[PDB]
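Below you will find one chain, with nothing else, as structure tokens; this is the form deposited in one PDB entry, and questions on how it binds or moves follow later.
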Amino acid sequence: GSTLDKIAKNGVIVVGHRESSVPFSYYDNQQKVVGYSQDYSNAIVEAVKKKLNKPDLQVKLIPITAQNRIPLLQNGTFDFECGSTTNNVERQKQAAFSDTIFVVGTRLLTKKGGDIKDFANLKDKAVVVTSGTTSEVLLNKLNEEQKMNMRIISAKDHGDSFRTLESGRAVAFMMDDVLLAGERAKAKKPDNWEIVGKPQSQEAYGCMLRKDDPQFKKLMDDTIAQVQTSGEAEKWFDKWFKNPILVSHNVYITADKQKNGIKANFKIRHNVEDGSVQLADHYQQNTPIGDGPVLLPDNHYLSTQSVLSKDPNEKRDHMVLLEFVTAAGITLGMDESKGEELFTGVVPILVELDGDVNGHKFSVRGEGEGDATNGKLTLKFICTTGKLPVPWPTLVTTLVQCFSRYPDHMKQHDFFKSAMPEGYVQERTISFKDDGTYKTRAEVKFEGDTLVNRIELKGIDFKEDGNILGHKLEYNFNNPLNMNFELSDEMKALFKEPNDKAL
């Protein structure tokens, strides 16, 4: 048959999407799947509705990784994906690729004051690469052919590879140039990094679909070709690759079978009013309060973003917070509670915090609602002791992760809801770089119908003239990213003449 036959039969089109392929397919500030490649997916979805003449077609999404994107495509769990999947002949034995939507070149990322100008300069030096990529093959081929005596480091992913370069453990990072810029956009100081070298190869990114389906491929190729030749694709490029984009935070969770709980590690980069960044290092552990059984999860992360605003009719020191959380990082298809039912509806929230920072005592109270079904939070906090001695953004992470939306395939990894209604104890250590430290102990539990979060906070060794006690932090909670990636001549030529050839 054909994918269009199955779509018209079931009345649904299932779209596969990456979870953290910035800026091709990723979660934005509201946990919505956006990106340059996701713009092609929307156009393809609209073209399917017109081809089949079914304007009421349902559109459902599914998160995919490089692990399960081919098996789940082959058994029909989803119909197509538009992200950064590279077109090659090996994958063409397993599936099909649409017209190319992005062309890259394998180059080098290096520090701006070094000696790395081209690939020949890598001789006798340590070069980092991401395992499994074509760059690892090309870099090894160049090392063996030219006898370069290179110490090649193969890291787990691109973030690991860049942090190898950022820390100085390698002199250059070789990968597709657009992914080098993506890792540069998330750097401590993106201004320090430079893309150099002549491309060792060209790689083509294409939307993937099932093999031996010319009907569905023709529709995707026709939709992609029209978007590119008409100039709509260049406008998408400038919006995503030459303009600021909003990205979610990631809270990585690991199990802790010793204490029947979990641990968490993440960093928050508070913006300073002078343009600099105040780093906040979060170390977290959660222990169940009751003796019953709780869910112990595999390694996964929470995609979180919070919007900070002000009540214009509130005279007290306050913070209005909207939060959007989703769980991610667990491969659907390759993965072997009572409190979950307590969050099926909208749950009232009460937050009470007693704080002590360098002797400055204060208290904060918060009300609102939690929607775990949609992974949504809305809360208004008020400093009941008068003025807040610390900036409001420093207290955001301290002031109820049981309201995160765990998708249906991840529900067995939800420790937070599983510890309810007895709840859990949340202890944190927040190390502000070149400043003081927060020490937090919180009890999160159900008091009646209300989710309650009582916190005791102690802050020590803070500079009275620092970014915290001096109120030098901006009233926001995001770090806008800019790829600063120009439209290459290959991308211009591709938009003029769309094709689906592997490179």
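The term rigid core refers to the maximal set of C-alpha atoms that superpose within 1.5 Å between the two forms. Only residues modelled in both forms are compared. Residue indices: 1-based, along the sequence shown.
As for the form deposited in another entry, it is not shown, yet the points below apply to it.
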Point to revise | Comparing forms between the shown form and the other one after core superposition, the one residue of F97, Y301, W392, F432 displaced by 2 Å or more at CA | key: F97
Review point. Aligning on the rigid core, do we see the C-alpha of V34 shift 2 angstroms or more between the shown form and the other one?
Key: yes
Check your understanding: After fitting the rigid core, is the C-alpha of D414 off by 2 Å or more between the shown form and the other one?
Key -> no
Practice item. Align both forms on the core first, then report whether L377 has a C-alpha shift of 2 Å or more between the shown form and the other one. Key: no
Point to revise | Inter-Cα distance between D434 and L165 in that other deposited form, nearer or further [3 Å or more] | key: farther
Review point. Compared with this form, is the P244-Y475 Cα separation smaller or larger in that other deposited form, the difference being 3 Å or more?
Key: closer
Practice item. Using only residues present in both forms, find each stretch of at least 3 consecutive residues where all Cα shifts reach 2 Å or more between the shown form and the other one, with the core as the superposition reference, and list them in order along the sequence. Key: 1-247, 480-503
